[PDB]
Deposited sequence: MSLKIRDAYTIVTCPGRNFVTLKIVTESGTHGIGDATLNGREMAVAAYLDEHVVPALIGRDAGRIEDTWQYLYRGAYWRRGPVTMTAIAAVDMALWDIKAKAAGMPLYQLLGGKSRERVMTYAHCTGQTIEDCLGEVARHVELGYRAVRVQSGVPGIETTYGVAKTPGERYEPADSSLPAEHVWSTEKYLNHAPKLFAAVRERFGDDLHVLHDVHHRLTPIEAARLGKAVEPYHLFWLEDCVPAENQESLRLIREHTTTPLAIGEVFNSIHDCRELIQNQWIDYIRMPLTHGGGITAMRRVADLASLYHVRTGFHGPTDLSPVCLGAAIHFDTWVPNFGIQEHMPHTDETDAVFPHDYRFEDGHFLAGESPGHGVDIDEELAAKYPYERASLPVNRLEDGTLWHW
């Protein structure tokens, strides 16, 4: 019942992961993802020094109380380090509760709303032709949906083209030209449609680099290609940033992988400025908070599109697949396969087949951590890149 022990595990089976483990007096345990790419040790310290000591002796079944205790109790509310710490606890407690209930997590949430969970794959290449080759191979793999990114002529490096974003100890320095990208990007989607037809879902990630009127122009330009979404058009700390885009294009819009709170997107949703909300479990306060975000989204026809990169661990992925299985307003689940070393450290029972995930049936979220294996891979610092304009201006990566 009560929490006997709680501790973090930091491991680098291909890239860094931070995991919270919670053990009850009865011996049942649960785990939560706590990985915050490029800032990992900040969450590890938040948990180790400040949260973990407060968890000892608490009733593990008190999920809601623990969430509020950590969210309100921190005094300094919201934020990526804060909410990732809270998310790790929350995921671990839901894991415990589902185990206690003898049910897979999706059953505890209200049962399945779908028989499988559609994903998309990253297709990338230096030239449009290179990208098209990748689309072909993934379609052969059974993917119904692909994200397409390709190099921009006249730009040395562009987002999503070589791919492990955090591939340097210190931030790599990329250079950017918005105008060259705006002129080129539509050619990628035209080429994809010409070769692969209309049935395929095609996604694109603008990755924060445009101003709103620039994103409006781009949305308009890509209307003929019927994208599944155009993602992260503009930095959105000021939520009104989406308004001009929405008023000028019918290309569907996705945002929110960089968010950690319903307060980051309440207006985006209520004003109907987006079609997909991307904030995932480990950065968005866990199951407890994301259920609330998804529900708000549902009132406005907005669907979930969980961020699912390699820098969220299989713990997040398994939990996410359970959530995806239940949530009425599911949109899509992003999939970037983990390394074999990562998969082995995090035994799990979710399955991928024919372009879709199937939720596990084991009690809990179905993921565990092999601590002794984890210990074979010590932490290695790795930072996300920064992006600069051609004049040296520090821009948005």
| task | Provide the list of deposited-sequence positions lacking C-alpha coordinates, grouped into contiguous ranges. | result | 1-2, 165-170
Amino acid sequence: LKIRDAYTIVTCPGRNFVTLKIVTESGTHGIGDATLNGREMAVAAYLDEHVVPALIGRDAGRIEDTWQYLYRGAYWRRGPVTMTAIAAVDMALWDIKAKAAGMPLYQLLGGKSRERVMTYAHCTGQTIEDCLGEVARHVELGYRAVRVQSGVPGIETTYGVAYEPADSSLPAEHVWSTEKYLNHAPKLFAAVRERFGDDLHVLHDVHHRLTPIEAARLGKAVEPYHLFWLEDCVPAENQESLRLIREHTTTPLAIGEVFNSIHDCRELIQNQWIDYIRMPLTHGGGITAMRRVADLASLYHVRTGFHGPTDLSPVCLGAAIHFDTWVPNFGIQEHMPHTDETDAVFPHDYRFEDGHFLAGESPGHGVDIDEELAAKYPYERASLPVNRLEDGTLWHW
From here on, numbers count along this sequence of modelled residues.
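Definition used throughout: the rigid core is the maximal C-alpha set that superposes within 1.5 Å between two forms.
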| note | 115-123 or 74-82, the stretch lying farther from the shown form in 7 other deposited structures of this protein by root mean square CA distance over structures and residues, after core fitting, is 74-82
| query | Does a third or more of the other compared entries skip modelling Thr211? | reply | no
| If we scan the other compared entries, does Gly256 go without coordinates in at least a third? | no
| note | With B-factors read from the PDB entry, the higher C-alpha mean of 96-104 and 270-278 is in 96-104
| note | The stretch whose C-alpha atoms carry the larger average B-factor in the entry, 135-143 or 198-206, is 135-143
| query | Reading the B-factor column of the entry, which of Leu299, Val327, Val222, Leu170 has the highest value at its C-alpha atom? | reply | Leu170
| Which one of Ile262, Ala191, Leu230, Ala88 shows the top CA temperature factor in the record? | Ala191
| note | Chain thirds by Cα B factor, record data; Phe306 belongs to the middle
| message | Split into thirds by Cα B-factor across the chain's modelled residues, where does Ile369 land: lowest, middle or highest? | response | middle
| Ranked C-alpha temperature factor of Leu109 among modelled chain residues, by third | middle
| field | Position of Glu237 among the chain's modelled residues by C-alpha B-factor, lowest, middle or highest third | value | lowest
| note | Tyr159: CA B-factor among chain residues, third -> highest
